[PDB]
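File shown: structure34.cif (mmCIF, N, CA and C atoms).
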data_query
loop_
_atom_site.label_atom_id
_atom_site.label_comp_id
_atom_site.auth_asym_id
_atom_site.auth_seq_id
_atom_site.Cartn_x
_atom_site.Cartn_y
_atom_site.Cartn_z
N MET A 1 131.76 93.89 103.70
CA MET A 1 132.79 94.24 104.67
C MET A 1 133.45 95.55 104.26
N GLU A 2 133.19 96.59 105.05
CA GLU A 2 133.52 97.94 104.64
C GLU A 2 135.00 98.24 104.81
N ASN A 3 135.47 99.23 104.05
CA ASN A 3 136.82 99.75 104.23
C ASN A 3 137.03 100.23 105.66
N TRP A 4 136.14 101.09 106.14
CA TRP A 4 136.11 101.47 107.54
C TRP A 4 134.71 101.96 107.87
N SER A 5 134.36 101.87 109.15
CA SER A 5 133.01 102.14 109.61
C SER A 5 132.94 103.47 110.34
N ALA A 6 131.75 104.06 110.36
CA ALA A 6 131.56 105.37 110.96
C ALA A 6 131.86 105.35 112.46
N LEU A 7 131.56 104.23 113.12
CA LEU A 7 131.81 104.14 114.56
C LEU A 7 133.29 104.27 114.88
N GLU A 8 134.17 103.85 113.97
CA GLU A 8 135.60 103.92 114.25
C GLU A 8 136.09 105.35 114.35
N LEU A 9 135.47 106.28 113.63
CA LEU A 9 135.96 107.66 113.65
C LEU A 9 135.40 108.45 114.82
N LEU A 10 134.42 107.91 115.55
CA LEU A 10 133.90 108.61 116.72
C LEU A 10 134.96 108.89 117.78
N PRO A 11 135.79 107.93 118.20
CA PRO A 11 136.87 108.30 119.13
C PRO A 11 137.83 109.31 118.54
N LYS A 12 138.06 109.27 117.23
CA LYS A 12 138.94 110.25 116.61
C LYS A 12 138.38 111.65 116.73
N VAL A 13 137.07 111.80 116.50
CA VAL A 13 136.45 113.11 116.62
C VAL A 13 136.39 113.58 118.06
N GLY A 14 136.24 112.66 119.00
CA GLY A 14 136.17 112.98 120.40
C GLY A 14 134.89 112.58 121.12
N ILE A 15 134.20 111.55 120.65
CA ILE A 15 132.99 111.04 121.28
C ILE A 15 133.16 109.54 121.46
N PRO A 16 133.15 109.02 122.69
CA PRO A 16 133.29 107.58 122.88
C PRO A 16 132.07 106.82 122.38
N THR A 17 132.32 105.60 121.90
CA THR A 17 131.26 104.79 121.32
C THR A 17 130.21 104.40 122.35
N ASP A 18 130.62 104.17 123.60
CA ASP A 18 129.67 103.78 124.63
C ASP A 18 128.63 104.87 124.89
N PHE A 19 128.93 106.11 124.50
CA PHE A 19 127.96 107.18 124.68
C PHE A 19 126.71 106.97 123.83
N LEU A 20 126.85 106.32 122.68
CA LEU A 20 125.68 106.04 121.85
C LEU A 20 124.69 105.14 122.58
N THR A 21 125.20 104.11 123.26
CA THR A 21 124.32 103.25 124.04
C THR A 21 123.68 104.01 125.19
N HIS A 22 124.39 104.99 125.76
CA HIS A 22 123.81 105.81 126.82
C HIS A 22 122.59 106.57 126.30
N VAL A 23 122.72 107.19 125.13
CA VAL A 23 121.60 107.91 124.54
C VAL A 23 120.46 106.95 124.21
N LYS A 24 120.80 105.78 123.67
CA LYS A 24 119.76 104.81 123.31
C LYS A 24 118.98 104.36 124.54
N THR A 25 119.68 104.06 125.63
CA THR A 25 118.99 103.64 126.84
C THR A 25 118.21 104.78 127.47
N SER A 26 118.69 106.02 127.32
CA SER A 26 117.95 107.16 127.84
C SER A 26 116.66 107.37 127.06
N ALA A 27 116.69 107.13 125.74
CA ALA A 27 115.50 107.35 124.92
C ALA A 27 114.41 106.32 125.19
N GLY A 28 114.79 105.08 125.47
CA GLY A 28 113.82 104.08 125.89
C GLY A 28 113.27 103.17 124.82
N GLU A 29 113.83 103.20 123.61
CA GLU A 29 113.59 102.21 122.56
C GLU A 29 112.20 102.33 121.96
N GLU A 30 111.33 103.12 122.57
CA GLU A 30 110.05 103.45 121.95
C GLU A 30 110.17 104.76 121.18
N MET A 31 110.48 105.84 121.90
CA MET A 31 110.74 107.12 121.26
C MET A 31 111.98 107.05 120.39
N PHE A 32 112.96 106.22 120.76
CA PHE A 32 114.14 106.05 119.92
C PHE A 32 113.77 105.49 118.56
N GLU A 33 112.95 104.44 118.53
CA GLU A 33 112.56 103.87 117.25
C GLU A 33 111.68 104.81 116.46
N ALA A 34 110.79 105.54 117.14
CA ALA A 34 109.96 106.51 116.44
C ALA A 34 110.83 107.58 115.78
N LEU A 35 111.81 108.10 116.51
CA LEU A 35 112.69 109.13 115.95
C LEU A 35 113.57 108.57 114.85
N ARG A 36 114.09 107.36 115.04
CA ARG A 36 114.92 106.74 114.01
C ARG A 36 114.14 106.55 112.72
N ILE A 37 112.88 106.16 112.82
CA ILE A 37 112.05 106.14 111.63
C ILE A 37 111.91 107.55 111.07
N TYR A 38 111.59 108.53 111.93
CA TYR A 38 111.34 109.88 111.43
C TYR A 38 112.54 110.43 110.66
N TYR A 39 113.75 110.14 111.11
CA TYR A 39 114.93 110.68 110.44
C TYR A 39 115.29 109.93 109.17
N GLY A 40 114.48 108.96 108.74
CA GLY A 40 114.74 108.26 107.50
C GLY A 40 115.82 107.21 107.56
N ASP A 41 116.16 106.73 108.75
CA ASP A 41 117.25 105.78 108.91
C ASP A 41 116.87 104.36 108.50
N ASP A 42 115.59 104.08 108.26
CA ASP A 42 115.14 102.73 107.89
C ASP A 42 114.30 102.79 106.62
N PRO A 43 114.92 102.62 105.45
CA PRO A 43 114.16 102.64 104.20
C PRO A 43 113.08 101.58 104.12
N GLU A 44 113.26 100.42 104.75
CA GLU A 44 112.30 99.33 104.60
C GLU A 44 110.96 99.62 105.25
N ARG A 45 110.86 100.69 106.02
CA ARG A 45 109.73 100.88 106.92
C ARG A 45 109.33 102.35 107.00
N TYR A 46 109.26 103.05 105.88
CA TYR A 46 109.10 104.48 105.99
C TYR A 46 107.74 104.97 105.48
N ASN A 47 107.28 106.05 106.09
CA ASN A 47 106.00 106.68 105.85
C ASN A 47 106.24 108.18 105.79
N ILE A 48 105.33 108.87 105.12
CA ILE A 48 105.47 110.32 105.01
C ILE A 48 104.92 110.97 106.27
N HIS A 49 105.71 111.83 106.89
CA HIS A 49 105.32 112.45 108.15
C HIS A 49 104.62 113.78 107.91
N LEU B 246 113.40 103.88 76.54
CA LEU B 246 112.25 104.57 77.12
C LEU B 246 112.22 104.40 78.63
N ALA B 247 112.56 103.20 79.11
CA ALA B 247 112.60 102.97 80.55
C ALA B 247 113.83 103.62 81.18
N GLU B 248 114.92 103.72 80.43
CA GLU B 248 116.17 104.22 81.00
C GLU B 248 116.12 105.72 81.25
N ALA B 249 115.37 106.46 80.43
CA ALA B 249 115.39 107.92 80.48
C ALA B 249 114.79 108.48 81.76
N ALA B 250 113.98 107.71 82.47
CA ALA B 250 113.27 108.24 83.63
C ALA B 250 114.21 108.43 84.82
N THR B 251 114.07 109.56 85.49
CA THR B 251 114.76 109.80 86.74
C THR B 251 114.10 109.00 87.86
N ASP B 252 114.88 108.63 88.86
CA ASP B 252 114.34 107.90 90.00
C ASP B 252 113.74 108.87 91.01
N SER B 253 112.91 108.32 91.89
CA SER B 253 112.16 109.11 92.85
C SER B 253 112.92 109.25 94.16
N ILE B 254 112.54 110.26 94.94
CA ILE B 254 113.18 110.50 96.23
C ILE B 254 112.81 109.40 97.21
N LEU B 255 111.57 108.94 97.17
CA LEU B 255 111.09 107.83 97.99
C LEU B 255 111.09 106.55 97.17
N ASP B 256 111.63 105.48 97.74
CA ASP B 256 111.42 104.14 97.19
C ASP B 256 111.75 103.12 98.26
N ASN B 257 110.74 102.39 98.70
CA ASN B 257 110.93 101.33 99.69
C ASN B 257 111.55 100.13 99.01
N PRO B 258 112.72 99.65 99.45
CA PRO B 258 113.36 98.53 98.75
C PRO B 258 112.65 97.20 98.93
N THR B 259 111.76 97.08 99.92
CA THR B 259 111.13 95.80 100.19
C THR B 259 109.82 95.60 99.44
N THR B 260 109.25 96.65 98.87
CA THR B 260 107.97 96.55 98.18
C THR B 260 108.16 96.31 96.69
N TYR B 261 107.18 95.65 96.09
CA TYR B 261 107.15 95.35 94.66
C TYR B 261 108.43 94.66 94.22
N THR B 262 108.65 93.48 94.78
CA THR B 262 109.76 92.62 94.42
C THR B 262 109.21 91.27 93.99
N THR B 263 109.90 90.64 93.04
CA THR B 263 109.43 89.39 92.47
C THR B 263 109.71 88.25 93.45
N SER B 264 109.46 87.01 93.01
CA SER B 264 109.79 85.86 93.85
C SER B 264 111.29 85.77 94.09
N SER B 265 112.08 86.02 93.05
CA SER B 265 113.51 86.21 93.23
C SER B 265 113.77 87.56 93.90
N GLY B 266 115.04 87.90 94.02
CA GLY B 266 115.38 89.17 94.64
C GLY B 266 115.22 90.39 93.76
N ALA B 267 114.72 90.24 92.54
CA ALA B 267 114.73 91.34 91.58
C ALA B 267 113.81 92.47 92.02
N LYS B 268 114.28 93.70 91.86
CA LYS B 268 113.49 94.88 92.17
C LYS B 268 112.75 95.36 90.92
N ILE B 269 111.47 95.69 91.08
CA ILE B 269 110.72 96.26 89.97
C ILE B 269 111.07 97.73 89.82
N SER B 270 111.41 98.13 88.59
CA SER B 270 111.84 99.50 88.36
C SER B 270 110.69 100.43 87.99
N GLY B 271 109.67 99.92 87.32
CA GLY B 271 108.56 100.77 86.92
C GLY B 271 107.50 99.97 86.21
N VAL B 272 106.55 100.68 85.61
CA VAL B 272 105.42 100.06 84.95
C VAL B 272 105.24 100.70 83.58
N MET B 273 104.91 99.88 82.59
CA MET B 273 104.50 100.34 81.27
C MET B 273 103.02 100.07 81.09
N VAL B 274 102.27 101.09 80.71
CA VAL B 274 100.84 100.97 80.47
C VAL B 274 100.55 101.40 79.04
N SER B 275 99.60 100.72 78.41
CA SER B 275 99.14 101.08 77.08
C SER B 275 97.81 100.39 76.85
N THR B 276 97.16 100.74 75.74
CA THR B 276 95.92 100.09 75.35
C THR B 276 96.12 98.61 75.10
N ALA B 277 95.02 97.87 74.94
CA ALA B 277 95.11 96.43 74.74
C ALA B 277 95.88 96.07 73.48
N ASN B 278 95.67 96.80 72.39
CA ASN B 278 96.31 96.45 71.12
C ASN B 278 97.83 96.49 71.23
N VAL B 279 98.35 97.54 71.86
CA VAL B 279 99.80 97.69 71.97
C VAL B 279 100.38 96.56 72.80
N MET B 280 99.71 96.20 73.89
CA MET B 280 100.20 95.11 74.72
C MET B 280 100.13 93.78 74.00
N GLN B 281 99.09 93.55 73.19
CA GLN B 281 99.05 92.33 72.40
C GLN B 281 100.22 92.26 71.44
N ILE B 282 100.51 93.37 70.76
CA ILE B 282 101.62 93.39 69.81
C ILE B 282 102.93 93.13 70.52
N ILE B 283 103.15 93.78 71.66
CA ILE B 283 104.41 93.61 72.38
C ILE B 283 104.56 92.17 72.87
N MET B 284 103.50 91.63 73.48
CA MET B 284 103.59 90.28 74.03
C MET B 284 103.76 89.23 72.94
N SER B 285 103.23 89.49 71.74
CA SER B 285 103.50 88.58 70.64
C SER B 285 104.93 88.72 70.15
N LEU B 286 105.40 89.96 70.00
CA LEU B 286 106.70 90.19 69.38
C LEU B 286 107.84 89.84 70.32
N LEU B 287 107.75 90.25 71.58
CA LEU B 287 108.82 90.07 72.56
C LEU B 287 108.49 88.98 73.57
N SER B 288 107.87 87.89 73.13
CA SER B 288 107.40 86.86 74.05
C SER B 288 108.54 86.24 74.85
N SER B 289 109.75 86.20 74.28
CA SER B 289 110.87 85.56 74.97
C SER B 289 111.21 86.29 76.26
N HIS B 290 111.16 87.62 76.25
CA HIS B 290 111.53 88.38 77.44
C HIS B 290 110.37 88.53 78.41
N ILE B 291 109.13 88.38 77.94
CA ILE B 291 107.98 88.39 78.84
C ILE B 291 108.05 87.16 79.74
N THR B 292 107.63 87.32 80.99
CA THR B 292 107.45 86.18 81.87
C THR B 292 106.41 86.52 82.93
N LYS B 293 105.73 85.49 83.41
CA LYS B 293 104.70 85.63 84.43
C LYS B 293 105.29 85.30 85.79
N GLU B 294 105.21 86.25 86.71
CA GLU B 294 105.87 86.11 88.00
C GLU B 294 104.92 86.52 89.11
N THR B 295 105.22 86.06 90.32
CA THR B 295 104.49 86.45 91.51
C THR B 295 105.23 87.59 92.20
N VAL B 296 104.48 88.63 92.57
CA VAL B 296 105.06 89.87 93.05
C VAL B 296 104.47 90.20 94.40
N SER B 297 105.32 90.55 95.36
CA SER B 297 104.88 90.97 96.68
C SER B 297 104.60 92.47 96.65
N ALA B 298 103.39 92.85 97.05
CA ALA B 298 102.90 94.21 96.92
C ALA B 298 102.33 94.63 98.26
N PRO B 299 102.19 95.94 98.52
CA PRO B 299 101.66 96.37 99.81
C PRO B 299 100.23 95.91 100.03
N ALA B 300 99.99 95.23 101.16
CA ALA B 300 98.67 94.66 101.41
C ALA B 300 97.63 95.73 101.69
N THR B 301 98.04 96.86 102.25
CA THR B 301 97.10 97.90 102.66
C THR B 301 97.70 99.27 102.40
N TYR B 302 96.87 100.29 102.55
CA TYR B 302 97.30 101.66 102.34
C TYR B 302 98.25 102.09 103.46
N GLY B 303 98.94 103.20 103.22
CA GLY B 303 99.84 103.78 104.20
C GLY B 303 99.09 104.64 105.20
N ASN B 304 99.74 104.93 106.32
CA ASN B 304 99.10 105.61 107.43
C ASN B 304 99.54 107.06 107.55
N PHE B 305 98.67 107.86 108.16
CA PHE B 305 99.06 109.18 108.64
C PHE B 305 99.92 109.04 109.88
N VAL B 306 101.12 109.61 109.84
CA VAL B 306 102.03 109.58 110.98
C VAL B 306 102.37 111.01 111.36
N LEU B 307 102.26 111.30 112.65
CA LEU B 307 102.47 112.63 113.19
C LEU B 307 103.93 112.77 113.57
N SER B 308 104.57 113.83 113.08
CA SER B 308 106.00 113.98 113.28
C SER B 308 106.32 114.13 114.77
N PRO B 309 107.31 113.42 115.29
CA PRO B 309 107.67 113.59 116.70
C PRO B 309 108.13 115.00 117.04
N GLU B 310 108.65 115.74 116.07
CA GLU B 310 109.20 117.06 116.36
C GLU B 310 108.15 118.04 116.84
N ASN B 311 106.93 117.97 116.31
CA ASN B 311 105.94 118.99 116.62
C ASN B 311 105.53 118.97 118.09
N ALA B 312 105.89 117.91 118.82
CA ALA B 312 105.74 117.94 120.27
C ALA B 312 106.62 119.02 120.89
N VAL B 313 107.81 119.23 120.34
CA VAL B 313 108.72 120.24 120.89
C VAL B 313 108.15 121.64 120.71
N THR B 314 107.57 121.91 119.54
CA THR B 314 106.98 123.22 119.30
C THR B 314 105.82 123.48 120.26
N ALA B 315 104.98 122.48 120.47
CA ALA B 315 103.87 122.62 121.40
C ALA B 315 104.38 122.90 122.81
N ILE B 316 105.43 122.20 123.22
CA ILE B 316 105.97 122.39 124.57
C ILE B 316 106.57 123.78 124.71
N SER B 317 107.21 124.30 123.67
CA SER B 317 107.73 125.67 123.74
C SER B 317 106.60 126.68 123.88
N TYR B 318 105.53 126.50 123.10
CA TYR B 318 104.38 127.39 123.24
C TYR B 318 103.82 127.34 124.66
N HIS B 319 103.71 126.14 125.22
CA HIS B 319 103.20 126.02 126.58
C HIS B 319 104.15 126.66 127.58
N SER B 320 105.45 126.57 127.35
CA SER B 320 106.41 127.24 128.21
C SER B 320 106.16 128.73 128.25
N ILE B 321 105.89 129.32 127.09
CA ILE B 321 105.56 130.74 127.07
C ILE B 321 104.23 131.00 127.78
N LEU B 322 103.22 130.17 127.51
CA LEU B 322 101.85 130.53 127.87
C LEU B 322 101.46 130.06 129.27
N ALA B 323 101.99 128.94 129.74
CA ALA B 323 101.56 128.39 131.02
C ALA B 323 102.03 129.25 132.19
N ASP B 324 101.36 129.09 133.33
CA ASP B 324 101.74 129.81 134.54
C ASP B 324 103.11 129.37 135.03
N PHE B 325 103.64 130.13 135.98
CA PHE B 325 104.95 129.84 136.54
C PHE B 325 104.99 128.46 137.18
N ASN B 326 105.80 127.58 136.60
CA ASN B 326 105.99 126.21 137.09
C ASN B 326 104.70 125.42 137.16
N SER B 327 103.67 125.83 136.41
CA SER B 327 102.44 125.06 136.39
C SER B 327 102.50 123.89 135.42
N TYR B 328 103.26 124.02 134.34
CA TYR B 328 103.33 122.97 133.34
C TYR B 328 104.22 121.83 133.82
N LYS B 329 103.75 120.60 133.62
CA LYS B 329 104.49 119.43 134.10
C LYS B 329 104.55 118.27 133.11
N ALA B 330 103.94 118.37 131.93
CA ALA B 330 103.92 117.24 131.01
C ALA B 330 105.29 116.95 130.41
N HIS B 331 106.22 117.89 130.45
CA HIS B 331 107.51 117.69 129.80
C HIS B 331 108.47 116.85 130.64
N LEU B 332 108.12 116.56 131.88
CA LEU B 332 108.97 115.77 132.76
C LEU B 332 108.14 114.66 133.38
N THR B 333 108.71 113.46 133.44
CA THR B 333 107.98 112.30 133.93
C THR B 333 108.97 111.20 134.27
N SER B 334 108.47 110.17 134.93
CA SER B 334 109.27 109.01 135.30
C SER B 334 109.12 107.90 134.26
N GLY B 335 109.96 106.88 134.41
CA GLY B 335 109.89 105.75 133.51
C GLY B 335 110.37 106.11 132.11
N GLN B 336 110.01 105.25 131.16
CA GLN B 336 110.37 105.50 129.78
C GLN B 336 109.60 106.71 129.25
N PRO B 337 110.26 107.62 128.54
CA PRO B 337 109.54 108.72 127.92
C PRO B 337 108.62 108.21 126.83
N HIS B 338 107.50 108.90 126.65
CA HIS B 338 106.46 108.43 125.74
C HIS B 338 105.82 109.61 125.04
N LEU B 339 105.92 109.64 123.72
CA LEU B 339 105.22 110.63 122.91
C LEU B 339 103.87 110.09 122.48
N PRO B 340 102.81 110.89 122.50
CA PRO B 340 101.51 110.42 122.01
C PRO B 340 101.61 109.98 120.56
N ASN B 341 101.16 108.76 120.29
CA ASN B 341 101.34 108.17 118.97
C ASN B 341 100.17 107.25 118.65
N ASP B 342 100.00 106.99 117.36
CA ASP B 342 98.94 106.12 116.86
C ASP B 342 99.45 104.74 116.46
N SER B 343 100.65 104.36 116.89
CA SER B 343 101.25 103.11 116.41
C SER B 343 100.42 101.90 116.79
#

Represent the structure from my file as C-alpha coordinates, please.
Amino acid sequence: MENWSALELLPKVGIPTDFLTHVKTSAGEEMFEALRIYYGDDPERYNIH
Amino acid sequence: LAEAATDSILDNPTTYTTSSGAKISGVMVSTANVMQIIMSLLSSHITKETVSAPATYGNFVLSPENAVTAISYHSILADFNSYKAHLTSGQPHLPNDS
(Lines of atoms letter the chains of each structure in order from A and count residues from 1; the text may use other names and numbers.)
(Lines give C-alpha, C1' and ligand atoms only; values in the text may rest on other atoms or scores of the structure.)
Protein backbone atom coordinates (compact mmCIF):
# COMPACT_ATOMS: atom_id res chain seq x y z
CA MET A 1 0.00 0.00 0.00
CA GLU A 2 1.84 3.00 -1.37
CA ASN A 3 2.37 6.41 0.18
CA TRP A 4 0.79 7.89 -2.95
CA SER A 5 0.20 6.68 -6.50
CA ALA A 6 1.19 8.18 -9.83
CA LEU A 7 -2.43 8.40 -10.96
CA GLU A 8 -3.20 10.82 -8.12
CA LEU A 9 -0.78 13.44 -9.45
CA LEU A 10 -2.27 13.40 -12.97
CA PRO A 11 -5.09 15.86 -12.09
CA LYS A 12 -2.48 18.00 -10.32
CA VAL A 13 -0.36 18.19 -13.47
CA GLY A 14 -3.43 18.83 -15.62
CA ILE A 15 -4.44 15.53 -17.25
CA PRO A 16 -7.66 13.79 -16.15
CA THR A 17 -7.42 10.12 -15.28
CA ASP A 18 -10.27 9.14 -17.62
CA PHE A 19 -8.08 10.25 -20.52
CA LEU A 20 -5.87 7.20 -19.97
CA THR A 21 -8.82 4.91 -20.65
CA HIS A 22 -9.57 6.95 -23.77
CA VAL A 23 -6.07 6.27 -25.12
CA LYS A 24 -6.31 2.60 -24.13
CA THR A 25 -9.62 2.14 -25.95
CA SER A 26 -8.28 4.02 -28.97
CA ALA A 27 -5.24 1.73 -29.16
CA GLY A 28 -7.40 -1.40 -29.16
CA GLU A 29 -5.66 -3.64 -26.59
CA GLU A 30 -3.66 -5.42 -29.29
CA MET A 31 -1.29 -2.64 -30.31
CA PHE A 32 -1.58 -1.32 -26.76
CA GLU A 33 -0.23 -4.54 -25.29
CA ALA A 34 2.47 -4.78 -27.95
CA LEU A 35 3.63 -1.23 -27.17
CA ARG A 36 3.39 -1.76 -23.41
CA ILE A 37 5.67 -4.75 -23.78
CA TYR A 38 8.01 -2.77 -26.05
CA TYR A 39 8.40 0.02 -23.49
CA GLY A 40 9.52 -2.46 -20.82
CA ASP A 41 6.44 -2.03 -18.63
CA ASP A 42 6.13 -5.80 -17.96
CA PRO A 43 9.29 -7.45 -16.60
CA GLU A 44 7.63 -10.89 -16.41
CA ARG A 45 7.19 -11.06 -20.17
CA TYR A 46 10.03 -9.31 -21.93
CA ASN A 47 12.06 -10.02 -25.06
CA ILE A 48 14.83 -8.15 -26.81
CA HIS A 49 13.46 -6.05 -29.67
CA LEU B 1 32.69 -14.13 -4.40
CA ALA B 2 28.97 -14.12 -5.19
CA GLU B 3 28.43 -10.68 -3.65
CA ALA B 4 31.03 -8.86 -5.77
CA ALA B 5 29.16 -9.35 -9.05
CA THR B 6 27.13 -6.49 -10.50
CA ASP B 7 23.58 -7.27 -11.56
CA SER B 8 22.43 -7.27 -15.18
CA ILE B 9 20.21 -4.80 -16.99
CA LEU B 10 17.84 -7.62 -18.00
CA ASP B 11 16.42 -10.07 -15.48
CA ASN B 12 13.00 -11.69 -15.73
CA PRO B 13 11.68 -12.12 -12.16
CA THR B 14 9.56 -15.16 -13.05
CA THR B 15 12.34 -17.35 -14.50
CA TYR B 16 14.73 -19.60 -12.56
CA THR B 17 12.85 -19.67 -9.28
CA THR B 18 12.76 -22.55 -6.83
CA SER B 19 9.66 -24.34 -5.54
CA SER B 20 9.47 -21.66 -2.87
CA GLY B 21 9.48 -18.01 -3.85
CA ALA B 22 13.28 -17.76 -3.75
CA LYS B 23 15.00 -16.10 -6.70
CA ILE B 24 18.18 -17.64 -8.10
CA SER B 25 20.97 -15.06 -8.12
CA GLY B 26 23.58 -16.85 -10.21
CA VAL B 27 25.54 -20.01 -10.93
CA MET B 28 28.88 -21.36 -9.72
CA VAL B 29 30.73 -23.69 -12.10
CA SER B 30 33.93 -25.63 -11.49
CA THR B 31 35.56 -28.97 -12.24
CA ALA B 32 34.27 -32.14 -10.61
CA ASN B 33 36.92 -32.19 -7.87
CA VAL B 34 36.08 -28.70 -6.60
CA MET B 35 32.37 -29.49 -6.49
CA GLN B 36 33.02 -32.74 -4.61
CA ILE B 37 35.09 -30.87 -2.03
CA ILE B 38 32.46 -28.14 -1.62
CA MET B 39 29.53 -30.54 -1.38
CA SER B 40 31.38 -32.59 1.24
CA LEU B 41 32.52 -29.57 3.26
CA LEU B 42 29.38 -27.40 3.06
CA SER B 43 26.77 -30.18 2.92
CA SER B 44 24.52 -28.42 5.43
CA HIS B 45 23.88 -25.45 3.14
CA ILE B 46 23.58 -27.58 -0.01
CA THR B 47 20.07 -28.69 -0.88
CA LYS B 48 18.35 -30.36 -3.83
CA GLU B 49 15.44 -28.34 -5.19
CA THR B 50 13.12 -28.21 -8.18
CA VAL B 51 13.58 -25.13 -10.34
CA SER B 52 11.28 -23.63 -12.96
CA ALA B 53 13.29 -22.77 -16.06
CA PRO B 54 12.41 -21.47 -19.55
CA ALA B 55 10.90 -24.31 -21.55
CA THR B 56 12.00 -22.93 -24.93
CA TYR B 57 14.24 -20.33 -26.53
CA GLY B 58 13.28 -16.68 -26.87
CA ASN B 59 11.83 -15.17 -30.03
CA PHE B 60 12.78 -12.50 -32.51
CA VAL B 61 10.41 -9.58 -31.95
CA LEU B 62 10.17 -6.68 -34.39
CA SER B 63 9.98 -3.29 -32.72
CA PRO B 64 6.61 -1.54 -33.23
CA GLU B 65 8.40 1.78 -33.76
CA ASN B 66 10.00 0.86 -37.09
CA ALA B 67 6.52 0.91 -38.65
CA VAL B 68 6.56 4.69 -38.12
CA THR B 69 9.87 5.09 -39.96
CA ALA B 70 8.56 3.04 -42.88
CA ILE B 71 5.39 5.12 -43.04
CA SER B 72 7.41 8.35 -43.07
CA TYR B 73 9.53 7.05 -45.94
CA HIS B 74 6.37 6.13 -47.83
CA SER B 75 4.95 9.59 -47.14
CA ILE B 76 7.96 11.07 -48.88
CA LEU B 77 8.07 8.54 -51.71
CA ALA B 78 4.44 7.66 -52.51
CA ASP B 79 2.32 9.60 -54.99
CA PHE B 80 -0.04 12.36 -53.91
CA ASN B 81 -2.68 10.78 -51.65
CA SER B 82 -1.90 7.35 -53.11
CA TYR B 83 -0.77 5.82 -49.81
CA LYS B 84 -3.56 4.43 -47.64
CA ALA B 85 -2.11 1.81 -45.26
CA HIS B 86 -1.74 4.31 -42.42
CA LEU B 87 -5.51 4.77 -42.04
CA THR B 88 -8.10 2.03 -41.58
CA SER B 89 -11.27 1.05 -39.77
CA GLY B 90 -11.73 -1.15 -36.74
CA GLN B 91 -8.96 -1.90 -34.29
CA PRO B 92 -5.52 -0.77 -35.49
CA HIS B 93 -3.20 -3.65 -36.26
CA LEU B 94 0.57 -3.72 -36.70
CA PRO B 95 2.06 -6.67 -38.63
CA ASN B 96 3.35 -9.06 -35.98
CA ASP B 97 4.52 -12.62 -35.43
CA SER B 98 2.72 -13.15 -32.11

With only C-alpha atoms considered, list every residue of chain B at most 9 Å from chain A, as a PDB file with N, CA and C atoms, in the coordinates of the input.
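Wrote it out as part23.pdb, contents follow:
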ATOM      1  N   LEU B 255     111.570 108.940  97.170  1.00  0.00           N
ATOM      2  CA  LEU B 255     111.090 107.830  97.990  1.00  0.00           C
ATOM      3  C   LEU B 255     111.090 106.550  97.170  1.00  0.00           C
ATOM      4  N   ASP B 256     111.630 105.480  97.740  1.00  0.00           N
ATOM      5  CA  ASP B 256     111.420 104.140  97.190  1.00  0.00           C
ATOM      6  C   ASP B 256     111.750 103.120  98.260  1.00  0.00           C
ATOM      7  N   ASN B 257     110.740 102.390  98.700  1.00  0.00           N
ATOM      8  CA  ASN B 257     110.930 101.330  99.690  1.00  0.00           C
ATOM      9  C   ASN B 257     111.550 100.130  99.010  1.00  0.00           C
ATOM     10  N   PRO B 258     112.720  99.650  99.450  1.00  0.00           N
ATOM     11  CA  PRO B 258     113.360  98.530  98.750  1.00  0.00           C
ATOM     12  C   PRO B 258     112.650  97.200  98.930  1.00  0.00           C
ATOM     13  N   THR B 259     111.760  97.080  99.920  1.00  0.00           N
ATOM     14  CA  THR B 259     111.130  95.800 100.190  1.00  0.00           C
ATOM     15  C   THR B 259     109.820  95.600  99.440  1.00  0.00           C
ATOM     16  N   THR B 260     109.250  96.650  98.870  1.00  0.00           N
ATOM     17  CA  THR B 260     107.970  96.550  98.180  1.00  0.00           C
ATOM     18  C   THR B 260     108.160  96.310  96.690  1.00  0.00           C
ATOM     19  N   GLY B 303      98.940 103.200 103.220  1.00  0.00           N
ATOM     20  CA  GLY B 303      99.840 103.780 104.200  1.00  0.00           C
ATOM     21  C   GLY B 303      99.090 104.640 105.200  1.00  0.00           C
ATOM     22  N   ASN B 304      99.740 104.930 106.320  1.00  0.00           N
ATOM     23  CA  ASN B 304      99.100 105.610 107.430  1.00  0.00           C
ATOM     24  C   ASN B 304      99.540 107.060 107.550  1.00  0.00           C
ATOM     25  N   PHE B 305      98.670 107.860 108.160  1.00  0.00           N
ATOM     26  CA  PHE B 305      99.060 109.180 108.640  1.00  0.00           C
ATOM     27  C   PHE B 305      99.920 109.040 109.880  1.00  0.00           C
ATOM     28  N   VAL B 306     101.120 109.610 109.840  1.00  0.00           N
ATOM     29  CA  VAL B 306     102.030 109.580 110.980  1.00  0.00           C
ATOM     30  C   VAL B 306     102.370 111.010 111.360  1.00  0.00           C
ATOM     31  N   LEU B 307     102.260 111.300 112.650  1.00  0.00           N
ATOM     32  CA  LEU B 307     102.470 112.630 113.190  1.00  0.00           C
ATOM     33  C   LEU B 307     103.930 112.770 113.570  1.00  0.00           C
ATOM     34  N   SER B 308     104.570 113.830 113.080  1.00  0.00           N
ATOM     35  CA  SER B 308     106.000 113.980 113.280  1.00  0.00           C
ATOM     36  C   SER B 308     106.320 114.130 114.770  1.00  0.00           C
ATOM     37  N   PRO B 309     107.310 113.420 115.290  1.00  0.00           N
ATOM     38  CA  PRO B 309     107.670 113.590 116.700  1.00  0.00           C
ATOM     39  C   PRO B 309     108.130 115.000 117.040  1.00  0.00           C
ATOM     40  N   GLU B 310     108.650 115.740 116.070  1.00  0.00           N
ATOM     41  CA  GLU B 310     109.200 117.060 116.360  1.00  0.00           C
ATOM     42  C   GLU B 310     108.150 118.040 116.840  1.00  0.00           C
ATOM     43  N   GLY B 335     109.960 106.880 134.410  1.00  0.00           N
ATOM     44  CA  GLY B 335     109.890 105.750 133.510  1.00  0.00           C
ATOM     45  C   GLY B 335     110.370 106.110 132.110  1.00  0.00           C
ATOM     46  N   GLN B 336     110.010 105.250 131.160  1.00  0.00           N
ATOM     47  CA  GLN B 336     110.370 105.500 129.780  1.00  0.00           C
ATOM     48  C   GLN B 336     109.600 106.710 129.250  1.00  0.00           C
ATOM     49  N   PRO B 337     110.260 107.620 128.540  1.00  0.00           N
ATOM     50  CA  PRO B 337     109.540 108.720 127.920  1.00  0.00           C
ATOM     51  C   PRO B 337     108.620 108.210 126.830  1.00  0.00           C
ATOM     52  N   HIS B 338     107.500 108.900 126.650  1.00  0.00           N
ATOM     53  CA  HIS B 338     106.460 108.430 125.740  1.00  0.00           C
ATOM     54  C   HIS B 338     105.820 109.610 125.040  1.00  0.00           C
ATOM     55  N   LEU B 339     105.920 109.640 123.720  1.00  0.00           N
ATOM     56  CA  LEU B 339     105.220 110.630 122.910  1.00  0.00           C
ATOM     57  C   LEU B 339     103.870 110.090 122.480  1.00  0.00           C
TER      58      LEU B 339
END

As a check of understanding: the span from atom C of residue 36 (chain A) to atom N of residue 254 (chain B) is 18.2 Å

Could you state the separation of atom C of residue 329 (chain B) and atom C of residue 311 (chain B) in Å, given to one decimal place?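 One can read the atom C of residue 329 (chain B) to atom C of residue 311 (chain B) distance as 15.1 Å.
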
Separation of atom N of residue 37 (chain A) from atom N of residue 251 (chain B), in Å and rounded to one decimal: 27.6 Å
